[PDB]
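Neighbour counts run over all protein chains shown; Cβ positions are idealised from the backbone, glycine included. Just so it is clear, none of the values below were taken in a lab; they were calculated from the coordinates.
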Amino acid sequence: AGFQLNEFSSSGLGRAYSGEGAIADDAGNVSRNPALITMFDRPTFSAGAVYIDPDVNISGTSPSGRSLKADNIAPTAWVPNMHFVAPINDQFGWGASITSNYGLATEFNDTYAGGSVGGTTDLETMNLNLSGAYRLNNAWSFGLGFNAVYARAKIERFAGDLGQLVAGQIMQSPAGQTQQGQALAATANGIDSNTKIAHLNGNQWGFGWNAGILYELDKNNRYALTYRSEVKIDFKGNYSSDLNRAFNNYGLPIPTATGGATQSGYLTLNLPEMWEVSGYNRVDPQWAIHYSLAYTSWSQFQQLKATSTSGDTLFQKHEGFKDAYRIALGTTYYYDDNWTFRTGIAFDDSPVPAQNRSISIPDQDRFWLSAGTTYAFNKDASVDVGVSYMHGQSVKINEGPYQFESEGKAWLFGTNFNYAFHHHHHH
Ligand SMILES: CCCCCCCCOCCOCCOCCOCCO
Ligand SMILES: CCCCCCCCCCCC[N+](C)(C)[O-]
Ligand SMILES: CCCCCCCCCCCC[N+](C)(C)[O-]
Ligand SMILES: [Cu+2]
Ligand SMILES: [Cu+2]
Ligand SMILES: [Cu+2]
């Protein structure tokens, strides 16, 4: 799922986010589907977070003989979520919410040998949503939302053992026996692993919109179609490189050097438009079944290019992602008044062409496996607890002069609190 994430609710967590867009047992889903707004009677609030704990590890050996082994490169994260749905009439209502649909955090030591392609990579995303729905009739409704997305991002790359790989290569060339070759090799050989080869940081606002269409046979079965617009963030950040300005222009793959001087960079980040189709099915007073299928057009994400105020390129990297799907299936079991249980299973193909993979975005196909509970205090307040396990297939990665093998699992824990308000008098 690239650097996308769909942890907007702890209840969603317990059911491997299946159905989401057809279930309305809590306000969290209006963030997923605007049409669901017309499924609430009174003001509803929801808020909580998901603690994500990844276990991604890298392995390999550089041509320099140095270890490309990198343990625990994906740090833990806390993804909060807040939701509020407010019916106005039996025909209109509005909802706001703060969730996060995109994020990533990979970090290697700055002395890592594959540093040139594995330093630090951060992308924080907070999505502010405000939207309304319309119950055209008893059969189905329509939603539509406005999105203000704030993103913080930071990219840092270092010289791994490139300096050595270069020097080593220069030593094997005829240029080797030369006083200039040796000199050159010495210079290359001299670049420390932690020499910052690229620095990009910046916060920028982005906007977009989403919509949804709910359809229900009765009040126990429904199906939906939602759309999340692509979102473009043109960052106005700071760029830098610690390599001597001399490296510049020869036309090497090296980012622009600035002698450590901070330049002004511009880069456009393209968050993929999203499309999902889901269904919820109550099949007993105590059993319901949910499922879905999402489609992200990851192809809108082709590359990251940092530019100067004069249009010159400081940094650039080809991503070449492709569209992919996510499939989910879960069941909720309403025990009694106070208790409710759930479980889910899912699978999402990777948007990253097994040949365009990077260690910076350790991504592979993922298989979810979740379970969760909801404890109702009194029809007005409840708490949700979710847990999920994401294991996957190990992959091989050929980036730069390196060959790695990446593997990764993840544990997810989440808690949410929900509260309803009295149903307001309306005609
Ligand atoms: C997408 C860019 C990331 C690639 C990192 C480029 C880092 C460049 O090198 C820093 C070391 O000094 C110069 C090396 O020569 C350029 C490429 O490496 C060639 C391998 O023999
Ligand atoms: C100042 C601009 C900062 C923008 C950095 C955006 C990072 C988005 C995360 C994608 C990770 C891809 N990678 C390897 C290029 O970092
Ligand atoms: C600031 C948000 C940080 C969120 C980073 C989320 C990392 C989730 C880890 C799953 C990556 C593993 N993989 C390859 C199996 O997909
Ligand atoms: Cu009412
Ligand atoms: Cu009232
Ligand atoms: Cu009245």
Take the stretch 219-271 and flag every residue that is under 16 Å from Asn203 (Cα atoms) and acidic (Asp, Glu). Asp234
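Which strands (runs of 3 or more DSSP E) does the stretch 66-143 wholly contain that include 1 or more residues that are closer than 25 Å to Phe421 by Cβ, in contact with a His (Cβ under 6 Å, 6 or more places away or on another chain) and not acidic (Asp, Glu)?
92-99
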Six or more apart or on different chains, Cβ atoms under 9 Å: show the pairs whose first residue is in the stretch 311-333 and without any contact (Cβ under 8 Å) to a residue 40 or more places away in the chain and whose second is within 16 Å of ligand 6 (Cβ to nearest atom) and in a loop (DSSP other than H, G, I, E, B). none
Could you run through the stretch 398-421 and say how many residues are touching a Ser or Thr at 6+ places or on another chain (Cβ under 7 Å), closer than 21 Å to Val387 by Cα and hydrophobic (A, V, I, L, M, F, W, C)? 1
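Any residue that is of a type in the set (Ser, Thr, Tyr) and either surrounded by 16 or more Cβ atoms within 10 Å (Cβ to Cβ) or within 16 Å of ligand 4 (Cβ to nearest atom) (or both) - is there at least one of those in the stretch 321-332?
We begin by selecting, within the stretch 321-332, every residue of a type in the set (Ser, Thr, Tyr); these are 325, 331-332.
Applying the additional criterion that residues be either surrounded by 16 or more Cβ atoms within 10 Å (Cβ to Cβ) or within 16 Å of ligand 4 (Cβ to nearest atom) (or both) yields 331-332.
Yes, the stretch 321-332 contains a residue that is of a type in the set (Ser, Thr, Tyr) and either surrounded by 16 or more Cβ atoms within 10 Å (Cβ to Cβ) or within 16 Å of ligand 4 (Cβ to nearest atom) (or both).
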Residues located in the stretch 202-223, provided they are under 29 Å from the mean Cα position of the chain (by Cα) and surrounded by 17 or more Cβ atoms within 10 Å (Cβ to Cβ): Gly202, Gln204, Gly206, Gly208, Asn210, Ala211, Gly212, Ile213, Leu214, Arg222, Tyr223
Taking the stretch 92-118 and the residues there that are of a type in the set (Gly, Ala, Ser) and within 16 Å of ligand 3 (Cβ to nearest atom), the one that is nearest to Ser64 (Cα to Cα) would be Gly118
Which condition breaks for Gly386 when tested against (1) surrounded by 21 or more Cβ atoms within 10 Å (Cβ to Cβ); (2) without any contact (Cβ under 8 Å) to a residue 40 or more places away in the chain? (2)
What pairs come up if the first residue lies in the stretch 192-203 and is under 11 Å from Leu243 (Cα atoms), the second is part of a strand (DSSP E or B) and small (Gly, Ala, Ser), and their beta carbons are under 8 Å apart, counting only those six or more places apart or on different chains? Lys196/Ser240; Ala198/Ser240
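So for the stretch 126-139 (the condition being of a type outside the set (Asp, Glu) and either under 20 Å from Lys196 (Cα atoms) or within 16 Å of ligand 2 (Cβ to nearest atom) (or both)), does at least one residue qualify?
In the first step, residues of the stretch 126-139 are kept if they are of a type outside the set (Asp, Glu); the result is 126-139.
Remaining after also requiring either under 20 Å from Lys196 (Cα atoms) or within 16 Å of ligand 2 (Cβ to nearest atom) (or both): 126-127.
Looking for residues that are of a type outside the set (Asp, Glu) and either under 20 Å from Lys196 (Cα atoms) or within 16 Å of ligand 2 (Cβ to nearest atom) (or both), one finds at least one in the stretch 126-139, hence yes.
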Just for the stretch 99-119: of the residues that are β-branched (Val, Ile, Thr) and surrounded by 18 or more Cβ atoms within 10 Å (Cβ to Cβ), which one is nearest to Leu304 (Cα to Cα)? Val117
With criteria (1) crowded, with 19+ Cβ neighbours inside 10 Å; (2) under 39 Å from the mean Cα position of the chain (by Cα), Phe146 comes up short on (1)
Between residues in the stretch 149-160 that are more than 30 Å from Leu130 (Cα to Cα) and residues that are outside any strand (DSSP E or B) and of a type in the set (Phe, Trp, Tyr), which pairs lie under 7 Å by C-beta distance while being six or more apart or on different chains? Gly160/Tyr112
If you take just the strands (runs of 3 or more DSSP E) that sit entirely in the stretch 334-418, which of them hold at least 2 residues that are closer than 22 Å to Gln286 by Cα? 339-348, 366-376, 381-392
Here's a check for you: in the stretch 3-17, which residue that is in a loop (DSSP other than H, G, I, E, B) and out of contact with any helix residue (DSSP H, G or I) (no Cβ under 6 Å at 6 or more places or on another chain) is farthest from ligand 2 (Cβ to nearest atom)? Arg15
Output the residues belonging to the stretch 296-310 that are over 23 Å from the mean Cα position of the chain (by Cα), part of a loop (DSSP other than H, G, I, E, B) and in contact (Cβ under 8 Å) with a residue 24 or more places away in the chain. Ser308, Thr309
